[PDB]
**Student:** 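Before anything else, here's the structure in question.
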Amino acid sequence: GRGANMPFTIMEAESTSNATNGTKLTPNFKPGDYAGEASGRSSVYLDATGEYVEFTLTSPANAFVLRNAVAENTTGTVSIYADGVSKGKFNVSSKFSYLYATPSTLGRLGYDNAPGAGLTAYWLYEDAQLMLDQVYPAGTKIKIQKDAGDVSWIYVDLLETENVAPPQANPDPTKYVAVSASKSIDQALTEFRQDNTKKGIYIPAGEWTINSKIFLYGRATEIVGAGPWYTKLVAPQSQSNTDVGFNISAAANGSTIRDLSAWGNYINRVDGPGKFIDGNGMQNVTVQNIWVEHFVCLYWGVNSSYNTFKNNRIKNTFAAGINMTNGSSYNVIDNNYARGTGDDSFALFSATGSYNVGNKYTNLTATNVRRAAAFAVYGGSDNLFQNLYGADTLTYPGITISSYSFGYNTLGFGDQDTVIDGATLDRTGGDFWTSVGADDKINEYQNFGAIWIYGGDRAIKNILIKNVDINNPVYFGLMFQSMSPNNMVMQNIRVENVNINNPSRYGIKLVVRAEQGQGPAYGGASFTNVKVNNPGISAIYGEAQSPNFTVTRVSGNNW
Ligand SMILES: OC[C@H]1O[C@H](O[C@@H]2[C@@H](O)[C@@H](O)O[C@H](CO)[C@H]2O)[C@H](O)[C@@H](O)[C@@H]1O
Ligand SMILES: OC[C@H]1O[C@H](O[C@@H]2[C@@H](O)[C@@H](O)O[C@H](CO)[C@H]2O)[C@H](O)[C@@H](O)[C@@H]1O
Ligand SMILES: OC[C@H]1O[C@H](O[C@@H]2[C@@H](O)[C@@H](O)O[C@H](CO)[C@H]2O)[C@H](O)[C@@H](O)[C@@H]1O
Ligand SMILES: [Ca+2]
């Protein structure tokens, strides 16, 4: 792609190909700002009746997602036109946006939904979904326009366009018990469990209340919808932060959940509840072509192995998208798209079973990461992250590679490579933590590169980063750092075929003193065919001040 191959096309409102009579924001990297939080770090602000932005389809489309920002505590409309003819109205809302903190309390980002004295609003963008009754061809002018009766103002960030097939019917009424207006999901599952000839349940097109955790047990179960634009599982929207969805017991290992969407009612992060799917220790489960929003996470695996998450869309969550922890091995996380997660979009946390091993995180896109990293790997052995696209992180790297234990029981990285192979990272990095007494100080925070290689309190070894393009990172391309006083010696850290384009500070930073009490990096790293192009200050910082770290320039480096 790079990244996930999805049926929707993403088009930025601010593209020079798009006529507008509105106000195009100049880009910045500021959280809590309508430019800094936008995809591409820009949006088009429509602020008077008749203001519009005109997109042009590059593929046929009958369905649209508008990422936008409106005023706090408001709902309303904005209009959509095809070739100059009005065709409908998006339902735009800030119900799920606006999370409050202060510049020195970014640790609270996502947790606090109420405004207050001295508090700044963050997480300003949200989405509106709309299907039209015609497939419009590529080349159609799709205009988003603020007409009389629409919202007072709106920032238009991007438009998804998609040609959605008609809804898929029950695959076989004699094998899949249908949910219906008078038969709930739980009732259909009971009928399935008690009849050995059933393969599972079918959930038709429509909106279906999920007001509980729905338990899958008895045997492997198939849950099949009509397609994610059609089958909508809806948490009670007059409630907030209800822990609803599915919970897969061991007896239902081997289950499949596919072809549906789930619309949660979380308005802030809560730690504990809030994963759409629970499945501690689950095995052989497939989650495919589902679209989930407004949960804390899609899935947080705990010693969960041999599972497949494929073709999913994870948008606007309050913490991590998918995390696999504590022994989770041999999972296939393939061809998933995440936008707007509230912590690491796709993560692997290895802890004691010795390591999380054999996982394949492939063809993944993670953008508009509202806190933490697009991709994060904490220890492990023999895990692959391949064909990745990450962009527009608010506070942290595109890719975190860390051997910090966080106080848990872990051995760090193991004896087989953790591989990052094929990645494009656009406008990644950010500010987090504090930098009191730091070297190379530019603000009150620690400052994160597109890729952060952090030796923590556990072994940091066998890391291969290859075939990566890093475009316009906030600060740095590659950032290497060792936690003091542990000073774990980094071994077998290799970087190959990497382009670092226009970093504002340095192509590569060896962190010398992150904050008071911290020192430089230990071990070394090899660089082959690593190009640093147009750095703001210099290609590499910290080499002379890092006497315990050896930079090896194998060949092909312009620095
Ligand atoms: O009040 C519930 C939600 O209403 C809106 O979203 C609509 C949704 O409920 C479903 O019916 O689909 C339509 C069309 O895509 C949505 O517009 C609000 O936008 C959402 O904030 C509310 O929770
Ligand atoms: O293994 C660590 C814990 O993981 C889960 O809780 C997470 C919490 O520590 C924090 O990271 O936030 C996320 C998102 O809300 C939580 O999932 C488990 O729930 C917890 O039992 C573990 O100790
Ligand atoms: O020391 C306890 C904290 O460790 C981690 O955060 C570190 C932070 O405190 C600061 O020192 O910077 C380093 C990175 O340079 C951070 O890793 C944990 O993330 C945090 O939860 C702990 O409280
Ligand atoms: Ca944009």
Side-chain angles (χ1 to χ4, degrees), residues 10-15 18 20 24-25 27 34-45 53 55 66-69 107 110-111 125 155-160 241 243 266 268-275 278 280 295-303 317-328 339 341-344 347 349-352 356 367-368 371-372 376 378 391-392 396-397 400 402-410 426-427 431-438 445-448 452-457 479-484 486 511 513-519 521:
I10 296 168
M11 302 198 296
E12 298 289 353
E14 64 272 19
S15 164
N18 291 348
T20 185
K24 188 167 307 191
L25 301 185
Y34 293 106
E37 293 200 3
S39 188
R41 312 295 181 147
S42 179
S43 291
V44 180
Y45 181 52
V53 48
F55 297 84
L66 189 76
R67 189 174 201 254
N68 70 88
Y111 283 98
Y125 283 90
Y155 294 85
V156 178
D157 181 9
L158 63 77
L159 184 70
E160 296 180 27
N241 306 339
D243 190 18
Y266 279 84
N268 58 270
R269 181 174 177 163
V270 185
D271 294 334
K275 292 94 174 183
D278 298 302
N280 285 338
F295 289 87
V296 180
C297 311
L298 169 54
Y299 183 70
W300 185 285
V302 182
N303 198 22
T317 62
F318 292 87
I322 297 175
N323 193 3
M324 302 297 289
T325 80
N326 298 11
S328 300
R339 181 177 73 232
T341 66
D343 209 297
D344 292 328
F349 192 98
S350 187
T352 76
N356 299 23
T367 61
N368 288 123
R371 173 187 174 158
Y378 304 96
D392 293 315
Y396 222 48
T400 291
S402 170
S403 74
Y404 184 56
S405 74
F406 298 84
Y408 301 105
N409 184 6
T410 167
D426 290 348
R427 301 170 306 276
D431 294 322
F432 210 70
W433 308 116
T434 59
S435 58
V436 176
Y445 304 102
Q446 286 174 46
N447 310 126
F448 291 87
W452 184 32
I453 306 91
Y454 182 47
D457 52 350
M479 176 171 142
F480 295 83
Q481 179 184 349
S482 290
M483 171 178 171
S484 296
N486 309 65
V511 180
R513 181 175 70 257
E515 56 185 346
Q516 53 183 150
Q518 289 300 302

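For ligands, and for the atoms within them, numbers begin at 1 and follow the listed sequence. FYI, side chains are in, hydrogens and waters are out, and symmetry mates aren't considered; it's all heavy atoms of this structure. This chain uses plain numbering: 1 for the first residue, then up along the sequence.
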**Student:** Hey, is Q518 touching ligand 3 through its side chain, its backbone, both or neither, going by heavy atoms under 4.0 Å?
**Tutor:** neither

**Student:** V270 heavy atoms, cut-off 4.0 Å: which ligand 2 atoms fall inside?
**Tutor:** 15 (O)

**Student:** Hey, which atoms in ligand 2 end up nearer than 4.0 Å to a heavy atom of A319?
**Tutor:** 14 (C)

**Student:** Looking at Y445, is its backbone amide N or carbonyl O close enough to the side chain of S435 to form a donor-acceptor pair, meaning the two atoms are under 3.5 Å apart?
**Tutor:** yes

**Student:** Has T325 got any heavy atom lying under 4.0 angstrom from an atom of ligand 2?
**Tutor:** no

**Student:** Apply the side-chain contact (heavy atoms from CB on, under 4.5 Å) test between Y378 and each candidate in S402, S403, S350; give the one that qualifies.
**Tutor:** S402

**Student:** Cut-off 3.5 Å, side chains only: do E12 and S39 have a donor facing an acceptor?
**Tutor:** yes

**Student:** If I take atom SG from residue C297 and atom CG from residue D278, how far apart are they, to the nearest 0.5 angstrom?
**Tutor:** 9.5 Å

**Student:** Counting from 1, what ligand 2 atoms have a heavy atom of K275 closer than 4.0 Å?
**Tutor:** 16 (C), 17 (O), 19 (O)

**Student:** Which one of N280, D271, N323, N326 has a non-hydrogen atom at the shortest distance from atom 1 (O) of ligand 2?
**Tutor:** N326

**Student:** Just jot down the ligand 2 atoms closer than 4.0 angstrom to any heavy atom of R269, in number order.
**Tutor:** 10 (C), 11 (O), 12 (O), 13 (C), 14 (C)

**Student:** For the residue pair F295 and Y266, categorise the inter-ring angle as parallel (less than 30°), tilted (30 to 60°) or perpendicular (more than 60°).
**Tutor:** tilted

**Student:** Can you name the atoms of ligand 2, numbered from 1 with element, that are less than 4.0 Å from a heavy atom of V296?
**Tutor:** 14 (C), 15 (O)

**Student:** Heavy-atom distances under 4.0 Å are what count here, so tell me which part of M483 touches ligand 3: side chain, backbone, both or neither.
**Tutor:** neither

**Student:** For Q446, is at least one N or O under 3.5 Å away from an N or O on ligand 3?
**Tutor:** yes

**Student:** Determine, counting only non-hydrogen atoms of the protein, whether one lies under 4.0 angstrom from atom 22 (C) of ligand 2.
**Tutor:** no

**Student:** Is the distance between the ring centroids of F406 and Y408 under 6.0 Å?
**Tutor:** no

**Student:** If you measure from CD1 on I10 to CZ on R339, what distance do you get to the nearest 0.5 Å?
**Tutor:** 6.0 Å

**Student:** Against ligand 2, does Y408 come closer than 4.0 Å with any heavy atom?
**Tutor:** yes

**Student:** Please confirm if an N, O or S atom belonging to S42, backbone or side chain, lies less than 3.0 Å from the Ca ion (ligand 4).
**Tutor:** yes

**Student:** Considering only N, O or S atoms, which atom of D157 is nearest to the Ca ion (ligand 4)?
**Tutor:** OD1

**Student:** Nearest non-hydrogen contact with atom 19 (O) of ligand 3 belongs to which option: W433, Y404, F448?
**Tutor:** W433

**Student:** Measure from the side-chain N and O atoms of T367 to the backbone N and O of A391, and report whether any donor-acceptor pair falls under 3.5 Å.
**Tutor:** no

**Student:** Look at the aromatic rings of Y396 and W452 and report parallel, tilted or perpendicular, splitting at 30° and 60°.
**Tutor:** perpendicular

**Student:** What closest approach, in Å, do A514 and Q481 show between heavy atoms, and which atom pair accounts for it?
**Tutor:** CB-NE2, 3.5 Å

**Student:** Between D343 and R269, is there a side-chain N and carboxylate O pair less than 4.0 Å apart?
**Tutor:** yes

**Student:** Please work out the angle at the Ca ion (ligand 4) defined by atom OE1 of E12 on one side and atom O of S39 on the other, rounded to 10°.
**Tutor:** 80°

**Student:** Any protein heavy atom lying closer than 4.0 Å to atom 6 (O) of ligand 3?
**Tutor:** yes

**Student:** To the closest 0.5 Å, what do you measure between OG (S405) and CG (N486)?
**Tutor:** 8.5 Å

**Student:** Looking only at protein heavy atoms, which one is nearest to atom 11 (O) of ligand 2, and what is the separation?
**Tutor:** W300 CH2, 3.7 Å

**Student:** Looking only at protein heavy atoms, which one is nearest to atom 10 (C) of ligand 3, and how far off is it?
**Tutor:** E515 OE2, 3.4 Å

